[PDB]
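Quick setup: one chain, the form deposited in one PDB entry, written in structure tokens, and binding and motion questions come after.
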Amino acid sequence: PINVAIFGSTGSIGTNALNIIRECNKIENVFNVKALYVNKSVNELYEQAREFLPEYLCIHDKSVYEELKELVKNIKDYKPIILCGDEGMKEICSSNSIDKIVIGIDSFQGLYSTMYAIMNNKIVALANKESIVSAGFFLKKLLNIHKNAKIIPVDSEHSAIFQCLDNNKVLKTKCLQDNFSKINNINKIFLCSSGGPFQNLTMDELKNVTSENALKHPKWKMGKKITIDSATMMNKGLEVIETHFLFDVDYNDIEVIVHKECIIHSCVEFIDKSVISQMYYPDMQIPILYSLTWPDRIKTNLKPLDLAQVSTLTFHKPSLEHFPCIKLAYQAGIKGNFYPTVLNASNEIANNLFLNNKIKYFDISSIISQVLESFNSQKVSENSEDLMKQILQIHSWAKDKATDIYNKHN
């Protein structure tokens, strides 16, 4: 019986997590949903509580706390512990009844909850790539202290890589640890990308693309921020750094490859040169489920992959001239220090400016480049609390710098 908490239970990751839990539990009772946590979606939380009957309920916005307490009286034979805010989140993380926590929260409230799950030696199913990019060294330090805590990757490509590894080796180590790649005999990673909507466009066409071109009738329905990052390939740039931190793979041994069918989710080359890959239809339920069943697998009723129907799988190298965000991500990763923090923060600003029609496509990369060029390496604090404060300071500095560059140009 797997006891699971879901943080951000009404977002995309949270609802896909509950969907696969529901469907798997029909086949065999495997999961007990112990806690649900949302920002302010009190009615959606009530609907989930009605079905899943968790021991804990938490809502971040305290203005809707009483509104939740009244609604929950409608559910029969049910007396949950209803909590509020950061203190509620912390009480859930500290509960002995919870084994695994799904983090479906974007940005730094995601990092904050991840931190407390780790301090409580839980398994943390983590989808938030920006938290790993911006606080990777901090998370490594925290995981070295809290020896039974584990991050299990949910980002589709990183789940794929993790699924391609031998658990007889994985169990000797854990993600976001030094020497992970040595212990697992990993030589190199093929990190698969959809390529986004702009692969066939010329440099002159890219000059004029808008956020509407990136968002309009998309091949893959996703959130706006990640859709823009897919269009610039900065999504893959961030995922290169995510790969480096999760699996301790050198940047020279991570290759971005454009695979437009999105059936192969990534591939691992081992030291003998044998390559293992993971494949499925594009569907977050498989990566989410594996994060909750690892090191085992369980039965689902998902549609089986029909390779004959798929028929063709294609691969090509991305053009760094057309997708300069990729090069910027490698440069930041290789420089190390807090350059990944700076990359992520400046991209947060540049992405949103492009989304709102304030800058052009190549201005995204120009702004990010200028902020990276302005940053000077800082001595990394040995003290965990000071290190988190450095990450926050540098994140804020980089956002401000990106905004200042935009303001001067405008």
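Take the two forms, find the largest set of C-alpha atoms that superpose within 1.5 Å, and that set is the rigid core. Note that residue numbering follows the sequence shown and begins at 1.
What comes next is about the form deposited in another entry, which is not displayed.
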Shift test between this form and the one not shown (rigid core reference, C-alpha, 2 Å or more cutoff) over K327, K335, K174, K219 hits only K219
Quiz prompt | Threshold 2 Å Cα movement between this form and the one not shown for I276, core superposed | solution = no
Checking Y65 here: with the core superposed, does its CA move 2 Å or more between this form and the one not shown?
yes
Superposing on the rigid core, I want to see if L191 changes position between this form and the one not shown - specifically a Cα shift of 2 Å or more.
no
